[PDB]
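A.B. asks: Take a look at this one; I'll ask things after.
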Amino acid sequence: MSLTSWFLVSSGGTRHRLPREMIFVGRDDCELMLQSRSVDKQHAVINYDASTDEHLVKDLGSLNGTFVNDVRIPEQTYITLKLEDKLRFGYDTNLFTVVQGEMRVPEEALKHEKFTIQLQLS
């Protein structure tokens with residue numbers, strides 16, 4: 001099949017699918033892992049608003065902050081991510097671009113009952 005989703009595209013060349021649920025961003029035991037010392041162990045969350053089909057970033061109270069279009073966002077405040085926004089956590093070298101697109105669901109993933117049901121209900 002083909003899935004429609006928001007993604008983060010790193011300046012480092014990687015692509016990261018934003019799921020329709022909350023994820024953590026950080027240096028330690030997070031869904032989106034970064035390696036920089038300038039990023040907190042649990043730095044931010046990227047949540048999803050099902051009503052507006054948008055993602056929102058919240059800095060959890062990190063040492064160096066979270067930047068949207070080079071602006072340090074207020075801490076513990078949800079900021080809506082818009083198409084072409086430039087997102088950086090702390091002073092990590094990954095500059096992420098907020099994009100939306102169609103991705104290919106591998107045929108192997110459709111053998112998973114729970115995944116397929118959540119895909120069909122999407």
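Residues in the structure tokens are named by chain (A, B, ... in the order shown) and by number from 1 within that chain; ligands are numbered from 1 in the order shown.
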Please return, as a PyMOL selection string, all residues of chain A that DSSP assigns to strand (DSSP E or B) on the basis of the backbone.
C.D. replies: chain A and resi 2-10+15-18+23-26+32-33+44-49+54-59+66-68+71-72+79-80+86-89+96-104
A.B. asks: What's the separation between CA of residue 112 in chain A and CA of residue 30 in chain A, in Å to one decimal place?
C.D. replies: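 Computed distance, CA of residue 112 in chain A to CA of residue 30 in chain A, equals 23.7 Å.
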A.B. asks: Which residue out of A:45, A:87, A:37, A:82 has the minimum interatomic distance to residue 64 in chain A when only C-alpha atoms are used?
C.D. replies: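 Answer, going by the shortest atom-to-atom distance: A:37.
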A.B. asks: For CA of residue 12 in chain A and CA of residue 54 in chain A, quote the distance in Å rounded to one decimal.
C.D. replies: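 Calculated distance between CA of residue 12 in chain A and CA of residue 54 in chain A is 23.9 Å.
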A.B. asks: Excluding residue 104 in chain A and any residue of its chain fewer than 6 positions from it, enumerate the residues within 9 Å of it, using only C-alpha atoms, and give them as a count of residues only.
C.D. replies: 3
A.B. asks: Restricting the calculation to only C-alpha atoms: of A:40, A:49, A:7, A:78, which residue gets closest to residue 21 in chain A?
C.D. replies: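 Comparing A:40, A:49, A:7, A:78 against residue 21 in chain A, the winner is A:49.
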A.B. asks: Determine the nearest neighbour of residue 98 in chain A from the options A:63, A:55, A:113, A:47, counting only C-alpha atoms.
C.D. replies: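 Looking at the shortest contact to residue 98 in chain A, the residue is A:55.
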A.B. asks: What does the distance from CA of residue 105 in chain A to CA of residue 15 in chain A come to in Å, to one decimal?
C.D. replies: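 Taking CA of residue 105 in chain A as the start and CA of residue 15 in chain A as the end point, the length is 14.7 Å.
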A.B. asks: My list of candidates is A:60, A:81, A:32, A:99. Which is closest to residue 44 in chain A when distances are computed with only C-alpha atoms?
C.D. replies: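 Closest residue, counting only C-alpha atoms: A:60.
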A.B. asks: List as a tab-separated table (two decimals) with N, CA, C and O atoms, in the first residue's frame the protein and nucleic acid residues near residue 92 in chain A, meaning an atom at most 7 Å away when only C-alpha atoms are counted, but skip any in the same chain fewer than 3 places from it.
C.D. replies:
chain	number	residue	atom	x	y	z
A	36	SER	N	24.37	14.51	20.05
A	36	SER	CA	24.97	15.70	20.65
A	36	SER	C	24.77	15.82	22.18
A	36	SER	O	23.67	15.66	22.69
A	38	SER	N	24.74	18.58	23.57
A	38	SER	CA	23.96	19.82	23.68
A	38	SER	C	22.45	19.54	23.71
A	38	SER	O	21.66	20.47	23.86
A	39	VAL	N	22.07	18.28	23.53
A	39	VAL	CA	20.66	17.82	23.56
A	39	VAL	C	20.45	17.12	24.91
A	39	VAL	O	21.30	16.35	25.34
A	88	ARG	N	15.54	22.36	15.03
A	88	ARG	CA	16.81	21.94	15.62
A	88	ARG	C	16.64	21.79	17.13
A	88	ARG	O	16.10	22.68	17.78
A	89	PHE	N	17.16	20.70	17.68
A	89	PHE	CA	17.12	20.46	19.10
A	89	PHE	C	18.49	20.83	19.69
A	89	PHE	O	19.51	20.32	19.22
A.B. asks: List the neighbours of residue 85 in chain A out to 12 Å using only C-alpha atoms; skip same-chain residues closer than 4 positions along the sequence, and give me the result as a PyMOL selection string.
C.D. replies: chain A and resi 6-10+55-57+67-71+79-81+95-100
A.B. asks: Could you write out that same residue set with N, CA, C and O atoms as a PDB file, in the first residue's frame?
C.D. replies:
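Wrote it out as out-v6.pdb, contents follow:
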ATOM      1  N   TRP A   6       3.491  13.080   7.694  1.00  0.00           N
ATOM      2  CA  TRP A   6       4.445  14.149   7.931  1.00  0.00           C
ATOM      3  C   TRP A   6       5.777  13.477   8.224  1.00  0.00           C
ATOM      4  O   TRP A   6       5.795  12.402   8.822  1.00  0.00           O
ATOM      5  N   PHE A   7       6.881  14.088   7.806  1.00  0.00           N
ATOM      6  CA  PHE A   7       8.230  13.573   8.039  1.00  0.00           C
ATOM      7  C   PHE A   7       9.161  14.676   8.485  1.00  0.00           C
ATOM      8  O   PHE A   7       8.915  15.859   8.191  1.00  0.00           O
ATOM      9  N   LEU A   8      10.270  14.284   9.094  1.00  0.00           N
ATOM     10  CA  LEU A   8      11.405  15.179   9.359  1.00  0.00           C
ATOM     11  C   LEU A   8      12.514  14.733   8.431  1.00  0.00           C
ATOM     12  O   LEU A   8      12.809  13.531   8.387  1.00  0.00           O
ATOM     13  N   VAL A   9      13.056  15.653   7.627  1.00  0.00           N
ATOM     14  CA  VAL A   9      14.156  15.336   6.719  1.00  0.00           C
ATOM     15  C   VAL A   9      15.408  16.030   7.264  1.00  0.00           C
ATOM     16  O   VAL A   9      15.464  17.264   7.329  1.00  0.00           O
ATOM     17  N   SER A  10      16.378  15.237   7.727  1.00  0.00           N
ATOM     18  CA  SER A  10      17.607  15.798   8.272  1.00  0.00           C
ATOM     19  C   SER A  10      18.551  16.287   7.198  1.00  0.00           C
ATOM     20  O   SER A  10      18.629  15.691   6.128  1.00  0.00           O
ATOM     21  N   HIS A  55       1.510  18.186  13.570  1.00  0.00           N
ATOM     22  CA  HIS A  55       2.397  17.814  14.665  1.00  0.00           C
ATOM     23  C   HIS A  55       2.766  19.057  15.434  1.00  0.00           C
ATOM     24  O   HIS A  55       2.758  20.169  14.890  1.00  0.00           O
ATOM     25  N   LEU A  56       2.994  18.885  16.735  1.00  0.00           N
ATOM     26  CA  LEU A  56       3.355  19.980  17.644  1.00  0.00           C
ATOM     27  C   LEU A  56       4.557  19.566  18.451  1.00  0.00           C
ATOM     28  O   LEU A  56       4.603  18.457  18.951  1.00  0.00           O
ATOM     29  N   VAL A  57       5.524  20.449  18.578  1.00  0.00           N
ATOM     30  CA  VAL A  57       6.751  20.191  19.314  1.00  0.00           C
ATOM     31  C   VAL A  57       6.670  20.931  20.669  1.00  0.00           C
ATOM     32  O   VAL A  57       6.138  22.045  20.755  1.00  0.00           O
ATOM     33  N   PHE A  67      14.647  24.913  18.711  1.00  0.00           N
ATOM     34  CA  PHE A  67      14.582  26.011  17.753  1.00  0.00           C
ATOM     35  C   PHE A  67      13.714  25.675  16.556  1.00  0.00           C
ATOM     36  O   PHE A  67      13.888  24.629  15.931  1.00  0.00           O
ATOM     37  N   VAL A  68      12.764  26.571  16.258  1.00  0.00           N
ATOM     38  CA  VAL A  68      11.881  26.513  15.097  1.00  0.00           C
ATOM     39  C   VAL A  68      12.184  27.769  14.295  1.00  0.00           C
ATOM     40  O   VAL A  68      11.983  28.883  14.797  1.00  0.00           O
ATOM     41  N   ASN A  69      12.737  27.591  13.078  1.00  0.00           N
ATOM     42  CA  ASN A  69      13.148  28.681  12.167  1.00  0.00           C
ATOM     43  C   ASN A  69      14.107  29.660  12.891  1.00  0.00           C
ATOM     44  O   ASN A  69      13.939  30.874  12.806  1.00  0.00           O
ATOM     45  N   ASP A  70      15.103  29.091  13.628  1.00  0.00           N
ATOM     46  CA  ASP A  70      16.154  29.769  14.406  1.00  0.00           C
ATOM     47  C   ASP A  70      15.607  30.558  15.604  1.00  0.00           C
ATOM     48  O   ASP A  70      16.337  31.344  16.184  1.00  0.00           O
ATOM     49  N   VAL A  71      14.358  30.322  16.004  1.00  0.00           N
ATOM     50  CA  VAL A  71      13.775  30.990  17.161  1.00  0.00           C
ATOM     51  C   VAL A  71      13.655  29.969  18.282  1.00  0.00           C
ATOM     52  O   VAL A  71      13.053  28.906  18.075  1.00  0.00           O
ATOM     53  N   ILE A  79       4.259  24.051  20.105  1.00  0.00           N
ATOM     54  CA  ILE A  79       4.426  24.883  18.917  1.00  0.00           C
ATOM     55  C   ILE A  79       4.050  24.040  17.729  1.00  0.00           C
ATOM     56  O   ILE A  79       4.572  22.933  17.576  1.00  0.00           O
ATOM     57  N   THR A  80       3.152  24.552  16.883  1.00  0.00           N
ATOM     58  CA  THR A  80       2.686  23.803  15.726  1.00  0.00           C
ATOM     59  C   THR A  80       3.757  23.811  14.663  1.00  0.00           C
ATOM     60  O   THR A  80       4.287  24.864  14.318  1.00  0.00           O
ATOM     61  N   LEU A  81       4.072  22.641  14.148  1.00  0.00           N
ATOM     62  CA  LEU A  81       5.033  22.465  13.069  1.00  0.00           C
ATOM     63  C   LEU A  81       4.326  22.669  11.734  1.00  0.00           C
ATOM     64  O   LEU A  81       3.294  22.050  11.463  1.00  0.00           O
ATOM     65  N   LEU A  95      19.702  19.583  11.169  1.00  0.00           N
ATOM     66  CA  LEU A  95      18.665  20.567  10.934  1.00  0.00           C
ATOM     67  C   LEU A  95      17.565  19.811  10.221  1.00  0.00           C
ATOM     68  O   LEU A  95      17.817  19.251   9.147  1.00  0.00           O
ATOM     69  N   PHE A  96      16.389  19.686  10.864  1.00  0.00           N
ATOM     70  CA  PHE A  96      15.282  18.947  10.270  1.00  0.00           C
ATOM     71  C   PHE A  96      14.327  19.862   9.527  1.00  0.00           C
ATOM     72  O   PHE A  96      13.970  20.931  10.030  1.00  0.00           O
ATOM     73  N   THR A  97      13.936  19.449   8.315  1.00  0.00           N
ATOM     74  CA  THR A  97      12.918  20.160   7.542  1.00  0.00           C
ATOM     75  C   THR A  97      11.620  19.366   7.687  1.00  0.00           C
ATOM     76  O   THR A  97      11.621  18.139   7.504  1.00  0.00           O
ATOM     77  N   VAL A  98      10.530  20.068   8.059  1.00  0.00           N
ATOM     78  CA  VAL A  98       9.180  19.509   8.209  1.00  0.00           C
ATOM     79  C   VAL A  98       8.554  19.393   6.807  1.00  0.00           C
ATOM     80  O   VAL A  98       8.359  20.399   6.128  1.00  0.00           O
ATOM     81  N   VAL A  99       8.281  18.154   6.369  1.00  0.00           N
ATOM     82  CA  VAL A  99       7.666  17.881   5.075  1.00  0.00           C
ATOM     83  C   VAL A  99       6.467  16.943   5.261  1.00  0.00           C
ATOM     84  O   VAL A  99       6.298  16.328   6.313  1.00  0.00           O
ATOM     85  N   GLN A 100       5.662  16.817   4.212  1.00  0.00           N
ATOM     86  CA  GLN A 100       4.522  15.909   4.150  1.00  0.00           C
ATOM     87  C   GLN A 100       4.591  15.186   2.829  1.00  0.00           C
ATOM     88  O   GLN A 100       4.971  15.792   1.836  1.00  0.00           O
TER      89      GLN A 100
END
A.B. asks: Which residue is closest to residue 74 in chain A? Choose from A:59, A:86, A:13, A:118 and count only C-alpha atoms.
C.D. replies: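 Of A:59, A:86, A:13, A:118, the one nearest residue 74 in chain A is A:59, counting only C-alpha atoms.
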